[PDB]
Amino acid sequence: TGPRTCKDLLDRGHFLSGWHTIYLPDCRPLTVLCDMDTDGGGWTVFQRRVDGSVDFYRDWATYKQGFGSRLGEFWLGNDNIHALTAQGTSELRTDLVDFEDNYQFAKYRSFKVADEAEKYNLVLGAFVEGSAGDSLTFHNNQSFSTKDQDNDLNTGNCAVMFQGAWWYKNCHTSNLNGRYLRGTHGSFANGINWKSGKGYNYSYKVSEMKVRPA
C-alpha cells in the first residue's frame, strides 16, 4: 500500500528528520514532521516549541485544524492528532530542553485522543521512564480546553489563568502550550511548564511531543 507513519518511512530508509507525507487510515494525505534521530527514531511530531515565534494562545477552531509553521513551531491540529493516534497503539514521548541544554523527557505506554465529539479526550498510558517525571497522567480522562471553550474541572478558566491550551483540570501539572517565557519567570505556572521538571516557574527553551507505534 503506502506509508502510514514515520515508523514506516524510517523502516523504508528515510534516515534524515523532516517533513514527510504519510497516509491517514482515512487515507487522505497529510504532511508530518518525522524525528528519525531521538530514541531509535521514527517518531511523528505533533507539537513543537523552539524559539517562541508562534502564538499558542489560540482558540478551539484553530487547535482543531492546527496552526504554526513547518519552518518552526506548530500544533498538528486535533483532528489530525486523533486520526493519527487512533488505530494501532502509539506511545507518546515528550522532550524538554532548559536554557542550559540539559535534556529531560517523559515516555508513556500509550497515547490516544478522542474525536471532537468526545472533546479530544486524553487516553494516556502509564509513565514508562523519563528524567522529567510524570507530569501528564494527572490529566487523564480530561477534555481539551481552549480560551473560547471551557471544559476544565475548575470554577474559573485554566486556559486563561495560565495562558495556554491543554487537557486542563484544576488546573495543571503540565502546560506545554503556554507562554514562551524564557527560563525562570515571576508569573505563576503560565510558561512552558513541566511540574516535576523545573517547576511552575521555569519555561523550557524547547518542547516536543511526538508519537510512534509501540
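One-based numbering along the sequence shown.
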| property | result |
| --- | --- |
| 113-121 versus 72-80 - greater average Cα B-factor per the deposited record | 113-121 |
| Which of 164-172 and 40-48 has higher mean CA B factor, as the PDB entry lists it | 164-172 |
| Of the residues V54, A61, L30, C34, the one carrying the largest Cα B-factor as recorded | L30 |
| Third of chain Cα B-factors occupied by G13 | middle |
| Within-chain third of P25 by Cα B-factor, per the entry | highest |
| Among modelled residues of the same chain, the CA temperature factor third for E129 | lowest |
| Record-listed C-alpha B factor of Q65: chain third | lowest |
